[PDB]
Amino acid sequence: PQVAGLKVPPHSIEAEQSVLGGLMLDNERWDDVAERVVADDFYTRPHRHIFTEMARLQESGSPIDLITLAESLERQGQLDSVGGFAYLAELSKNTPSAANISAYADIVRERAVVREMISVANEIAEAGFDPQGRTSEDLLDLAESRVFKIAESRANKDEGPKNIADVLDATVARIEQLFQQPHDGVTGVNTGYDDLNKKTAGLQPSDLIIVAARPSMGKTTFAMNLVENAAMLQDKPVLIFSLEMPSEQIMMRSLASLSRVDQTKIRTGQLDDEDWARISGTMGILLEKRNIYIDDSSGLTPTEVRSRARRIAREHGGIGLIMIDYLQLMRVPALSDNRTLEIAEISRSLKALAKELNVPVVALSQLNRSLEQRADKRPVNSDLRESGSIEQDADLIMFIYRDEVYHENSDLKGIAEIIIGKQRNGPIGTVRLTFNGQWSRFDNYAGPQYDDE
Amino acid sequence: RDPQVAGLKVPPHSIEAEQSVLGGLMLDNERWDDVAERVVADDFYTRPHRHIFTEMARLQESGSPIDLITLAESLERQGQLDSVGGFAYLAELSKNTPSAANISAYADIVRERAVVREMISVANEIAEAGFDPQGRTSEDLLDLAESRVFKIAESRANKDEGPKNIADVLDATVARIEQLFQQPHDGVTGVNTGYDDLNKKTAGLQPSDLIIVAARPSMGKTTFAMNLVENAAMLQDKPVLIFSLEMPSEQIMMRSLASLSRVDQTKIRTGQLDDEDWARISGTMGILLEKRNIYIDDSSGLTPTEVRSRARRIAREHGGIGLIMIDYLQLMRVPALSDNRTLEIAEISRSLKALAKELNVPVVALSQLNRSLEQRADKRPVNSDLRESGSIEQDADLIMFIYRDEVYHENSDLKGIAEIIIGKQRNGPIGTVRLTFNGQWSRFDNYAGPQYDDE
Amino acid sequence: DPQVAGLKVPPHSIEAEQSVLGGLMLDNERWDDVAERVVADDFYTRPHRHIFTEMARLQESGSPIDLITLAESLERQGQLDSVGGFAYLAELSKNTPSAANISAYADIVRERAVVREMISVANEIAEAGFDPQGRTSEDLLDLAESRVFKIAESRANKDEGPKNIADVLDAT
Amino acid sequence: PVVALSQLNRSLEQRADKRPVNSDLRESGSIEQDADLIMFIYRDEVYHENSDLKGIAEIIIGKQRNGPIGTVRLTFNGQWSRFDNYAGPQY
Ligand SMILES: Nc1ncnc2c1ncn2[C@@H]1O[C@H](COP(=O)(O)OP(=O)(O)O)[C@@H](O)[C@H]1O
Ligand SMILES: Nc1ncnc2c1ncn2[C@@H]1O[C@H](COP(=O)(O)OP(=O)(O)O)[C@@H](O)[C@H]1O
């Protein structure tokens, strides 16, 4: 066994032989070593067979030694796969030492996260020069999503092995949402509403959520007022893409939201007398809490949504509730790629990248002209008739409808009802936020819902 | 010294292009399910190269993966490293192979440097017969050449012809009239579904078919295809895989734990608000780690060529068949065409039916229908409502269309009665397997709990 | 050499790498839109990169970019020598009469360098991963992280408007 | 002075006016941009029947190096295989 500098994949064999002898003898180090080493880690195929027997018995309230290793393995028939007790007894020579066991749970960890970084630098180089990526810019979009998902909790592999142990524990660890917020300020990024968050239960934290509204409905009014109630409230770098407005026009709206001043006041009868009190109030709390980022370029291919939203999730944790106003402006590189198949590559690259970053992606679209020939003018599912591929690949869908823009003497003035049509992990309903649009703010202390019976 | 390009007795040979086939194979194990497709043994030019791929074969069937290290100990015992090159040679092809780049391109070359190298050495021994006939009555020479030029044979695996007959199938035919072992009067041949209603139309899921679920979107499409894979992991003890392309891993289990255990989802939506049901939770948590059956992978950039490089690395390193479910296959994209869906479906029609016949696995894929159903006054799906698709109406073997009346109406007497219209059926009749939608717990119970049968 | 030597050559499209340099040298009013989609260090071979840098700001800096204005600016910079000589400048000007489809040869050298630089990223992630020096898994998962996003490529100050600079609050 | 002869592909018939434009020899590249006197050939009584240019072919110059372009017409007797004198009609 010569020790030299060669090109070998990194793994240790004695160290795998060191741990398994310890847990064969001891059933008390299992308090420790089950925390930091999981399955799928050991090199040779028999080695994790022993580890699953170490796991199936230890939940079963049965001990582990060289005796019971033979017992279930002939009830399960795997005994001649590992080699019978002819090889398990060679693991009965390893360690009387109950020390360096976590240090041997460390080297077999250390040689197995580098080893999960050779099948990423070959899942790239076998996409290149054998193109299952077929263009350059979407060959980088797969060159990122096998890299940013690594820089993670690091119990993460690339993709493909997930035994139901390694997801059940990370499910119950994500039902540790039990000591903080016993009220229904549910696990998602909040919207800041006690009318919405009983019906949505928050914006569920890995879901593509689609807003749509007509023109003359105030679409970016709601999408910034939801973000401004989710930027000063949940600590995460909220990115915003917007193409309906230019960059500065958004900030001219948000300062009219946070400081509750009129936006007619911001350009006519300017920042003069006592509006300085509120604007210099919200130019301090927004000043250093580095949350809202905004980018507003015009050619936004769905390659260059990911490759802008990767940096945002790199520098931070990143539960950046990405707001992309006006999805139809997103223009794919192929031009003869038409509107039946333009959005069907956008419907399947937001939902497929609202999932890595665990970001509830709010994107914004609009309903066609044939909406406005109905009587009950509500934006329903069958009026997203541009492509019909986003109507079926979203998670939460909120169809905005303000009544006094389409009617005059009716008493539902200023009552925007956010219709929740497609609700996946919950029930449907109907919200009524209060359209206080002279500053573009919504909540329902003046609550337009009946609220009595 | 040797003379110039006029020396061409080396017929073809590719030795520089060979060491970069073993090179990346010495430094990767994920790519043996590719180079074995298009390079078999006895293609290489040099005899030390053949014993390397010889003992790269047994270790891949034994499961032990290959580096420099696990090879040489597996060449220490077998009496090798003396005539294969030595332990320095394995380091000679580890230091001088910098390419962790591409093996799928040097593998095609050694194939097409060997066919030409063999068809030269065929024509040096058929045209040696006229060059020296020592007398074998030339009609009987003519079956030598049929044995020479057709000795180029590639029998690496199962079903072929020549060594094939119908009596060689009739032993396998009486092998699968060896039922009435587990079910003396009761049930199914293949993999179960676990219902009193579905097992008399499909008679279980057939062990090489491609059962297609289709449904109007979020009208109960993953309520079914997880309930069924719930019922088919306590009933098989095999690696019953899942490809959830739509949902994330944390969100799959937060319905199945409400379905295996039948806790209500409001106890898992918010914070858990009972300590009676925690045993109902922790019991079925223990049941689900009593049997390590259900697998999950939540990719979302799935070509239908990289499906095969997952679902063969589960059924090889573990048990056999399982039930390779793939959720919502439009989210699978093929980047080859980037065309109308009437061709991008056609690679998935021709690859899922090429994965349900290597591994003999009932691939439960899922699709949806086009929006023009929403104007047909008989909204129940038929085969003429997959107009977006193309070829999936033909390649499938069991097509289930899931209507649900209470999601498209509110006068529904079918309150919680999800119905299953069997659109295509290969090996049986068609009909309506009406179930009880109890997706409060993500459940589909059976309608013979309620009053009537499956009319 | 035999033709198995197509192994260390990322695609790089020399025919598409010469028709752009013949496109600007005959048409000065195409460097406005071609230099948008194509930047330097996408050109594969060393003469083509620095020639594209020799048009430094020479759109509006008072030089119509022909062979004459190039050759004078080459030698005051000092590179009329064997990084192109002057005969290859005729091979770049007169042998390339290329049409108004430079925007077709623009996307090639955009898309044959991205696929090229995703090989040395796919090498220098992996070749470090076989020789572990005095640095742990917290190094390599954060040196493979940054080295991939060095291939945005580089265009301009973007991706981050408001609070970051925080000045796009103050640009309002 | 090398007369060379060439043909066009059926992309031209996609256009309504079938006059042979300069950008129909671009489809191979080195003939459109190395030609010195392109002289396209049209003829209407083979592409139509009711045209009054019957037998009178119109050579369309598409490029000229050291002079003007235009539309030079020629008459042709449809029996002798001989193109002939001045540009048969008035203009
Ligand atoms: N002074 C104002 N009073 C009322 N509404 C205003 C005022 N200024 C701007 N708005 C609203 O801002 C909205 C712009 O937001 P957006 O959602 O993009 O529009 P739409 O609802 O047409 O999509 C417009 O609908 C307009 O009604
Ligand atoms: N509390 C509930 N009440 C009624 N239905 C529910 C409830 N919770 C979940 N569901 C149902 O679960 C289904 C899940 O939809 P699903 O078929 O998984 O969507 P997809 O087609 O995207 O996979 C929804 O159709 C919804 O009707």
# chains A, B, ... in the order shown; residues from 1 in each chain; ligands from 1

call {"tool": "closest_atom_pairs", "arguments": {"of": "chain D", "to": "chain C", "cutoff": "9 Å", "atoms": "only C-alpha atoms", "output": "JSON lines"}}
result
{"residue": "D:29", "atom": "CA", "partner": "C:98", "partner_atom": "CA", "distance": 8.8}
{"residue": "D:33", "atom": "CA", "partner": "C:97", "partner_atom": "CA", "distance": 6.7}
{"residue": "D:34", "atom": "CA", "partner": "C:97", "partner_atom": "CA", "distance": 8.4}

call {"tool": "residues_near_ligand", "arguments": {"ligand": "ligand 2", "cutoff": "10 Å", "atoms": "only C-alpha atoms and all ligand atoms", "output": "CSV table (one decimal) with N, CA and C atoms, in the first residue's frame"}}
result
chain,number,residue,atom,x,y,z
A,392,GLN,N,-51.4,26.0,-15.1
A,392,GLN,CA,-51.3,24.7,-14.6
A,392,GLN,C,-50.0,24.4,-13.9
A,393,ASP,N,-49.0,25.3,-13.9
A,393,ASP,CA,-47.7,25.0,-13.3
A,393,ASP,C,-47.3,26.0,-12.2
A,394,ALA,N,-48.3,26.6,-11.6
A,394,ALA,CA,-48.2,27.5,-10.4
A,394,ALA,C,-48.5,26.8,-9.1
A,395,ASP,N,-48.5,27.5,-8.0
A,395,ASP,CA,-48.9,26.9,-6.8
A,395,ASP,C,-50.0,27.7,-6.1
A,422,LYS,N,-56.5,29.3,-7.8
A,422,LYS,CA,-55.8,28.0,-7.7
A,422,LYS,C,-55.0,28.0,-6.4
A,423,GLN,N,-55.5,27.3,-5.4
A,423,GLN,CA,-54.7,27.2,-4.2
A,423,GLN,C,-54.4,25.7,-4.0
A,424,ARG,N,-53.1,25.3,-4.0
A,424,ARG,CA,-52.7,23.9,-4.0
A,424,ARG,C,-52.9,23.3,-2.7
A,425,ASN,N,-52.1,23.7,-1.7
A,425,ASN,CA,-52.0,23.0,-0.4
A,425,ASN,C,-53.0,23.6,0.6
A,426,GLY,N,-54.1,24.0,0.1
A,426,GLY,CA,-55.1,24.6,1.0
A,426,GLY,C,-56.4,24.8,0.3
A,427,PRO,N,-57.3,25.5,1.0
A,427,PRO,CA,-58.7,25.7,0.4
A,427,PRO,C,-58.8,27.1,-0.3
A,428,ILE,N,-59.8,27.2,-1.1
A,428,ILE,CA,-60.1,28.4,-1.8
A,428,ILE,C,-60.9,29.4,-0.9
B,214,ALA,N,-53.5,10.5,-16.0
B,214,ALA,CA,-53.7,11.9,-16.5
B,214,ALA,C,-54.9,12.4,-15.8
B,215,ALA,N,-54.9,13.8,-15.6
B,215,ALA,CA,-55.9,14.4,-14.8
B,215,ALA,C,-55.9,15.9,-15.2
B,216,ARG,N,-57.1,16.5,-15.1
B,216,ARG,CA,-57.1,18.0,-15.1
B,216,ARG,C,-56.3,18.5,-13.9
B,217,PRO,N,-55.6,19.6,-14.0
B,217,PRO,CA,-54.5,20.0,-13.1
B,217,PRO,C,-55.0,20.4,-11.7
B,218,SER,N,-54.4,19.8,-10.7
B,218,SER,CA,-54.7,19.9,-9.3
B,218,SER,C,-56.2,19.5,-9.0
B,219,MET,N,-56.7,18.6,-9.8
B,219,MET,CA,-58.0,17.9,-9.5
B,219,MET,C,-57.7,16.6,-8.9
B,220,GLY,N,-56.6,16.4,-8.2
B,220,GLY,CA,-56.3,15.1,-7.6
B,220,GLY,C,-55.4,14.4,-8.5
B,221,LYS,N,-54.2,14.9,-8.8
B,221,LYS,CA,-53.2,14.2,-9.6
B,221,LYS,C,-52.1,13.6,-8.7
B,222,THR,N,-51.6,14.3,-7.7
B,222,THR,CA,-50.6,13.7,-6.8
B,222,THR,C,-51.2,13.1,-5.5
B,223,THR,N,-52.5,13.4,-5.3
B,223,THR,CA,-53.3,12.7,-4.3
B,223,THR,C,-53.3,11.2,-4.6
B,224,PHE,N,-53.5,10.9,-5.9
B,224,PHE,CA,-53.6,9.5,-6.3
B,224,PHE,C,-52.2,8.9,-6.3
B,225,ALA,N,-51.2,9.5,-7.1
B,225,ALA,CA,-50.0,8.9,-7.4
B,225,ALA,C,-49.0,8.9,-6.2
B,226,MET,N,-49.4,9.3,-5.0
B,226,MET,CA,-48.7,9.1,-3.8
B,226,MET,C,-49.4,8.1,-2.9
B,244,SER,N,-40.6,13.1,-7.9
B,244,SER,CA,-41.4,14.3,-7.8
B,244,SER,C,-40.8,15.5,-8.4
B,245,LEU,N,-41.1,15.8,-9.7
B,245,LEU,CA,-40.6,17.0,-10.3
B,245,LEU,C,-41.3,18.2,-10.0
B,246,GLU,N,-42.5,18.1,-9.4
B,246,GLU,CA,-43.3,19.3,-9.1
B,246,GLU,C,-43.1,19.8,-7.7
B,247,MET,N,-43.3,18.9,-6.7
B,247,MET,CA,-43.3,19.2,-5.3
B,247,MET,C,-41.9,19.1,-4.8
B,252,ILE,N,-43.5,16.5,0.0
B,252,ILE,CA,-44.1,15.2,-0.3
B,252,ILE,C,-44.5,14.6,0.9
B,255,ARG,N,-47.8,15.3,3.1
B,255,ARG,CA,-49.0,14.7,2.8
B,255,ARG,C,-49.0,13.2,3.1
B,264,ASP,N,-54.9,14.3,10.4
B,264,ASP,CA,-55.4,15.3,9.5
B,264,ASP,C,-54.3,16.4,9.2
B,265,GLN,N,-54.4,17.0,8.0
B,265,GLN,CA,-53.4,17.9,7.6
B,265,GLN,C,-53.3,19.2,8.4
B,266,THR,N,-54.4,19.6,9.1
B,266,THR,CA,-54.3,20.7,9.9
B,266,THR,C,-53.4,20.5,11.1
B,269,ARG,N,-50.1,21.2,9.0
B,269,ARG,CA,-50.0,22.5,8.4
B,269,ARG,C,-49.5,23.5,9.3
B,327,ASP,N,-43.5,12.2,-11.5
B,327,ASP,CA,-44.6,13.2,-11.5
B,327,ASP,C,-44.4,14.2,-12.6
B,328,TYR,N,-45.5,14.3,-13.4
B,328,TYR,CA,-45.8,15.5,-14.1
B,328,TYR,C,-44.8,15.8,-15.2
B,366,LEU,N,-47.3,10.8,-15.1
B,366,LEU,CA,-48.4,11.7,-14.9
B,366,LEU,C,-48.4,12.7,-16.0
B,367,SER,N,-49.6,13.1,-16.5
B,367,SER,CA,-49.7,14.2,-17.4
B,367,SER,C,-51.0,14.9,-17.1
B,368,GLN,N,-51.2,16.0,-17.9
B,368,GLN,CA,-52.5,16.7,-17.9
B,368,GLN,C,-53.0,17.0,-19.3
B,404,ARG,N,-63.2,14.7,-11.6
B,404,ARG,CA,-63.7,14.9,-10.2
B,404,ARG,C,-64.8,16.0,-10.3
B,406,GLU,N,-66.9,17.6,-8.0
B,406,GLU,CA,-67.0,18.7,-7.1
B,406,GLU,C,-65.9,19.8,-7.3
B,407,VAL,N,-64.9,19.5,-8.1
B,407,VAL,CA,-64.0,20.6,-8.4
B,407,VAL,C,-64.4,21.4,-9.7
B,416,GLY,N,-66.6,14.1,-2.8
B,416,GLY,CA,-65.5,13.2,-2.4
B,416,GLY,C,-65.6,11.9,-3.1
B,437,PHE,N,-62.8,10.0,-2.6
B,437,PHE,CA,-61.9,11.0,-2.4
B,437,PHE,C,-62.0,11.4,-0.9
B,438,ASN,N,-61.0,11.1,-0.1
B,438,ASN,CA,-60.9,11.5,1.2
B,438,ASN,C,-59.6,12.2,1.4
B,439,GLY,N,-59.2,13.1,0.6
B,439,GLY,CA,-57.9,13.8,0.6
B,439,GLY,C,-57.8,14.8,1.6
B,440,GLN,N,-58.7,14.9,2.6
B,440,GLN,CA,-58.4,15.5,3.9
B,440,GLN,C,-57.1,15.0,4.5
B,441,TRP,N,-56.9,13.7,4.4
B,441,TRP,CA,-55.7,13.0,4.8
B,441,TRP,C,-54.8,12.6,3.7
B,442,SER,N,-55.1,13.2,2.5
B,442,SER,CA,-54.5,12.7,1.2
B,442,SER,C,-54.8,11.3,0.9
B,443,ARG,N,-56.1,11.0,1.0
B,443,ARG,CA,-56.6,9.6,0.9
B,443,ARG,C,-57.5,9.4,-0.3

call {"tool": "residues_near_ligand", "arguments": {"ligand": "ligand 1", "cutoff": "7 Å", "atoms": "only C-alpha atoms and all ligand atoms", "output": "PyMOL selection string"}}
result
chain A and resi 213-222+244+263-264+437-438

call {"tool": "residues_around", "arguments": {"residues": "residue 240 (chain A)", "least_positions_apart": "4", "cutoff": "7 Å", "atoms": "only C-alpha atoms", "output": "PyMOL selection string"}}
result
chain A and resi 293-295+322-324

call {"tool": "closest_atom_pairs", "arguments": {"of": "chain B", "to": "chain C", "cutoff": "8 Å", "atoms": "only C-alpha atoms", "output": "tab-separated table"}}
result
residue	atom	partner	partner_atom	distance
B:17	CA	C:4	CA	7.0
B:98	CA	C:127	CA	7.9
B:99	CA	C:123	CA	7.7
B:100	CA	C:123	CA	6.7
B:101	CA	C:123	CA	7.4

call {"tool": "write_last_selection", "arguments": {"atoms": "N, CA and C atoms", "output": "PDB file, in the first residue's frame"}}
result
ATOM      1  N   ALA B  17      -6.158   6.866 -27.998  1.00  0.00           N
ATOM      2  CA  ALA B  17      -7.578   7.072 -27.776  1.00  0.00           C
ATOM      3  C   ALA B  17      -8.192   6.016 -26.885  1.00  0.00           C
ATOM      4  N   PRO B  98      -5.344  13.660 -17.397  1.00  0.00           N
ATOM      5  CA  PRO B  98      -5.898  14.844 -16.732  1.00  0.00           C
ATOM      6  C   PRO B  98      -7.357  15.059 -17.035  1.00  0.00           C
ATOM      7  N   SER B  99      -7.874  14.419 -18.074  1.00  0.00           N
ATOM      8  CA  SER B  99      -9.244  14.644 -18.480  1.00  0.00           C
ATOM      9  C   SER B  99     -10.204  14.035 -17.482  1.00  0.00           C
ATOM     10  N   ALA B 100     -10.754  14.867 -16.608  1.00  0.00           N
ATOM     11  CA  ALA B 100     -12.037  14.556 -15.993  1.00  0.00           C
ATOM     12  C   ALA B 100     -13.165  15.166 -16.817  1.00  0.00           C
ATOM     13  N   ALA B 101     -13.106  14.940 -18.132  1.00  0.00           N
ATOM     14  CA  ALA B 101     -13.905  15.703 -19.080  1.00  0.00           C
ATOM     15  C   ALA B 101     -14.878  14.855 -19.885  1.00  0.00           C
TER      16      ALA B 101
END

call {"tool": "interface_residues", "arguments": {"of": "chain A", "to": "chain B", "cutoff": "6 Å", "atoms": "only C-alpha atoms", "output": "VMD selection string"}}
result
chain A and resid 7 44 to 45 56 125 to 126 134 160 162 to 164 171 178 352 392

call {"tool": "interface_residues", "arguments": {"of": "chain C", "to": "chain A", "cutoff": "8 Å", "atoms": "only C-alpha atoms", "output": "MDAnalysis selection string"}}
result
chainID C and resid 10 111:112 114:115 118:119 122:123 125:126 129:131 136:137 140:142 144:145 148:149 152 158:164 166 168:169 171:172

call {"tool": "residues_around", "arguments": {"residues": "residue 89 (chain D)", "least_positions_apart": "2", "cutoff": "12 Å", "atoms": "only C-alpha atoms", "output": "VMD selection string"}}
result
chain D and resid 52 to 58 72 to 76 85 to 87 91

call {"tool": "write_last_selection", "arguments": {"atoms": "N, CA, C and O atoms", "output": "mmCIF file, in the first residue's frame"}}
result
data_model
loop_
_atom_site.group_PDB
_atom_site.id
_atom_site.type_symbol
_atom_site.label_atom_id
_atom_site.label_comp_id
_atom_site.auth_asym_id
_atom_site.auth_seq_id
_atom_site.Cartn_x
_atom_site.Cartn_y
_atom_site.Cartn_z
ATOM 1 N N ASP D 52 -46.689 40.952 -71.895
ATOM 2 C CA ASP D 52 -46.360 41.458 -73.215
ATOM 3 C C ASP D 52 -44.864 41.606 -73.435
ATOM 4 O O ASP D 52 -44.455 42.286 -74.380
ATOM 5 N N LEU D 53 -44.042 40.991 -72.589
ATOM 6 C CA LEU D 53 -42.609 40.920 -72.815
ATOM 7 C C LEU D 53 -42.220 39.621 -73.477
ATOM 8 O O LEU D 53 -41.140 39.090 -73.203
ATOM 9 N N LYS D 54 -43.088 39.105 -74.339
ATOM 10 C CA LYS D 54 -43.041 37.730 -74.811
ATOM 11 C C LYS D 54 -41.855 37.554 -75.750
ATOM 12 O O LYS D 54 -41.780 38.193 -76.803
ATOM 13 N N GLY D 55 -40.919 36.696 -75.356
ATOM 14 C CA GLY D 55 -39.684 36.492 -76.077
ATOM 15 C C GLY D 55 -38.627 37.542 -75.834
ATOM 16 O O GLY D 55 -37.556 37.466 -76.438
ATOM 17 N N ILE D 56 -38.882 38.511 -74.965
ATOM 18 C CA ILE D 56 -38.013 39.668 -74.807
ATOM 19 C C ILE D 56 -37.450 39.632 -73.397
ATOM 20 O O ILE D 56 -38.107 40.082 -72.452
ATOM 21 N N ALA D 57 -36.238 39.114 -73.250
ATOM 22 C CA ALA D 57 -35.698 38.897 -71.919
ATOM 23 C C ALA D 57 -35.015 40.149 -71.392
ATOM 24 O O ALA D 57 -34.414 40.925 -72.134
ATOM 25 N N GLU D 58 -35.089 40.323 -70.077
ATOM 26 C CA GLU D 58 -34.590 41.522 -69.422
ATOM 27 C C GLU D 58 -33.455 41.163 -68.478
ATOM 28 O O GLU D 58 -33.695 40.737 -67.347
ATOM 29 N N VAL D 72 -31.094 46.312 -68.533
ATOM 30 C CA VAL D 72 -30.871 46.192 -69.969
ATOM 31 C C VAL D 72 -31.786 45.117 -70.519
ATOM 32 O O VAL D 72 -31.801 43.985 -70.036
ATOM 33 N N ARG D 73 -32.546 45.453 -71.545
ATOM 34 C CA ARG D 73 -33.481 44.514 -72.137
ATOM 35 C C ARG D 73 -32.880 43.967 -73.417
ATOM 36 O O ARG D 73 -32.060 44.633 -74.049
ATOM 37 N N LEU D 74 -33.252 42.742 -73.768
ATOM 38 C CA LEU D 74 -32.859 42.133 -75.026
ATOM 39 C C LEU D 74 -34.030 41.364 -75.623
ATOM 40 O O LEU D 74 -34.854 40.789 -74.910
ATOM 41 N N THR D 75 -34.080 41.335 -76.948
ATOM 42 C CA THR D 75 -35.050 40.527 -77.669
ATOM 43 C C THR D 75 -34.436 39.179 -77.998
ATOM 44 O O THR D 75 -33.213 39.058 -78.128
ATOM 45 N N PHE D 76 -35.285 38.169 -78.110
ATOM 46 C CA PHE D 76 -34.849 36.810 -78.363
ATOM 47 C C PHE D 76 -35.890 36.080 -79.192
ATOM 48 O O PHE D 76 -37.025 35.896 -78.746
ATOM 49 N N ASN D 85 -30.825 42.019 -81.105
ATOM 50 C CA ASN D 85 -30.562 43.450 -81.049
ATOM 51 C C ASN D 85 -31.326 44.165 -79.943
ATOM 52 O O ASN D 85 -31.765 43.539 -78.976
ATOM 53 N N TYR D 86 -31.416 45.491 -80.068
ATOM 54 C CA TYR D 86 -31.974 46.403 -79.077
ATOM 55 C C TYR D 86 -33.316 45.986 -78.508
ATOM 56 O O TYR D 86 -34.304 45.929 -79.245
ATOM 57 N N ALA D 87 -33.295 45.569 -77.240
ATOM 58 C CA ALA D 87 -34.263 45.892 -76.196
ATOM 59 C C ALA D 87 -35.698 46.081 -76.643
ATOM 60 O O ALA D 87 -36.153 47.215 -76.730
ATOM 61 N N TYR D 91 -39.351 50.927 -74.041
ATOM 62 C CA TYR D 91 -38.435 51.038 -72.914
ATOM 63 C C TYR D 91 -38.499 49.790 -72.054
ATOM 64 O O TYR D 91 -38.006 49.785 -70.930
#

call {"tool": "select_by_dssp", "arguments": {"residues": "chain D", "states": "helix (DSSP H, G or I)", "output": "PyMOL selection string"}}
result
chain D and resi 12-14+22-24+44-47
